[PDB]
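Quick heads-up: it's one chain on its own, the form deposited in one PDB entry, in structure tokens.
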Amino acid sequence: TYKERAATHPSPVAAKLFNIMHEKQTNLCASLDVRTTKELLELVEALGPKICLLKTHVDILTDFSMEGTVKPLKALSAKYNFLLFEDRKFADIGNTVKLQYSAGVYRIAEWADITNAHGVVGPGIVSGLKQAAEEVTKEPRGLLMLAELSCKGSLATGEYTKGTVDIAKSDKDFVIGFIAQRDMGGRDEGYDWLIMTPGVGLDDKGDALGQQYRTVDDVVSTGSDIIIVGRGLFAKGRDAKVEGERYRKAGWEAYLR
């Protein structure tokens, strides 16, 4: 169970997340990909009590600022009890990602509990991101490797996926799991990887740019620990609060089954 995994997971970030999921009876991660901080904060407020994690793309915000975007996000995170996951998908050499994660305008390492990286770069990407994390904050940080993607024509399969899983094995305390479409095993080698799965929608089938959706029951059935839902919650005139409860209920019941 999530509660049991919280006590045995080497990562304090994964542990806190598992506890949040148990306490709030939710394995839903909201991906409120809107372009203004104002709307983002309104949506986060509406989804707050129903999520365990908020996945953000701060780089699609036309008005990002540390004081106006990050501080309010941290306040909501504390108020409603959910972690912050900046979906930056780092994918450059170690030295460059260290610079991109630690500072710049977004100063991601300062506030995001979790972030992610593509395995394409090799082991150096993990080393670079961790060095950045330790140089900027004393707060625990977690990293997810991108093992698979939900988009049409994805190349994150076969040997590439295996190579990405190998990269993840280098740091059990820092690399907490994967963004993937199925279980990645690892139990046999002392790994308890969190499996977070995007490309989840109960209504949409996909979009005009390669996105593909699978149902909640479907992904949970293949090993997903957390469902990441974006447009299924807030787009096309949908009521985020209502969709939030709807998806939380579906994800939690699937987990219980």
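Residues carry their position along the shown sequence, with the first being 1. Heads up, when I say rigid core I mean the largest set of C-alphas that superpose within 1.5 Å between the two forms.
We do not show the form deposited in another entry, though everything after this point is about it.
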Problem - Shifted position (C-alpha, 2 Å or more, core held fixed) between this form and the one not shown, chosen from 48, 223, 68, 206 - result: 206
Exercise for the section: Superpose the two forms on their rigid core, then report whether the C-alpha of residue 170 is displaced by 2 angstroms or more between this form and the one not shown. Expected result: no
Problem - Threshold 2 Å Cα movement between this form and the one not shown for residue 94, core superposed - result: yes
Problem - Distance trend in that other deposited form - C-alpha atoms of residue 51 and residue 210, change of 3 Å or more - result: closer
Exercise for the section: Pin down for me whether the residue 227-residue 206 Cα distance shrinks or grows in that other deposited form relative to this form (closer or farther, change of 3 Å or more). Expected result: farther
